[PDB]
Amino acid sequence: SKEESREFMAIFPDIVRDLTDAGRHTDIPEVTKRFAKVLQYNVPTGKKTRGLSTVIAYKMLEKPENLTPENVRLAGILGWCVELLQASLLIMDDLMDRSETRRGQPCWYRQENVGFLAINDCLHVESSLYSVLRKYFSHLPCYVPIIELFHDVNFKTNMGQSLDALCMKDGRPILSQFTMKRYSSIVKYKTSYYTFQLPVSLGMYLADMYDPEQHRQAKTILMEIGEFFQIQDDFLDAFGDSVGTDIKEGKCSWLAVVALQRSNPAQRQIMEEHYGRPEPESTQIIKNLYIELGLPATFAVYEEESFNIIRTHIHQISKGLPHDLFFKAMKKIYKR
């Protein structure tokens, strides 16, 4: 919605001022001005789906009579703390992957006189969201649960990143590690917690929903939606309309995992030889093998089956949680 996008974007400039121009650290204006540019470059140029989903989650969890402009704005500020967390992770991930571009612009680490100083900027941006939480939430009962959620999700996302790294040795993929079990774990910890659980749990906390059973039931369905989301993303890297590099980078992708499940030994040897090679021909050989194993058809079947299984699980969701919130998320991801 137009109103939601505009209300959300209007908050960002206030957060930059809160972090760089609140009359604090006035002895060091050169580093506060630089930090403004770090935030301005890395935080607000994406689709901001996670931050906006934090607002939508709150709007569907809170009692209608409690939805004031002021409370909706607080949900906006929590949304931007999610976008600050993501900004920090992607600054670091782009350095780790040595990627060229993110959101159509040169990766932050490639900018002049940054490189490995991107590590410090990563830590700085992540640290900044706790300053935003203190300013706007320190007087509310959801303060400590929200701080704890952000620290725990950061920890879990790091476990996800590190598990991803244990699928590679010396810039070569370990194909024996590419099991559906490990893939599912990587998706859960590396992406699902910060993408799906974090926005909804923030919505619940701001709506003073602290029942751990409610958070556990929410998590169960959001982890399942998370798995389809990443599997679809993995499928599109290879078979989407154009610039995917999963094959070249030797990533533990759903396609690589399913390919290795369905491969005869000669097909296996093509993966061993060619998966994660920098030569464009090697990328084409893996793509050709994926076509040969019928992965497009496999994905189409998984897309229909997973949709039906998740919708079934949403209907079984115990009273207290709005089914509409989870159906709305499914509708966003499946476009259906």
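Start at 1 and count along the sequence shown; that's the residue number.
The segment from residue 113 to residue 114 is modelled without interruption, since every residue of the deposited sequence in that interval carries coordinates.
Higher mean CA temperature factor between 303-311 and 42-50: 303-311, per the PDB entry. Higher mean CA B-factor, judged across 192-200 and 104-112 from the recorded values: 104-112. The entry assigns its greatest Cα B factor, within the set 120, 138, 157, 245, to 245.
In this PDB entry, residue 264 carries a Cα temperature factor that places it within the highest third of its chain's modelled residues. Compared with the other modelled residues of the chain, the Cα B-factor recorded for residue 224 ranks in the middle third. The deposited CA B-factor of residue 181 belongs to the middle third of values across its chain. When the CA B factors of the chain's modelled residues are split into thirds, the value for residue 241 lands in the highest one. Split the chain's modelled residues into thirds by C-alpha temperature factor. Residue 76 is in the lowest one.
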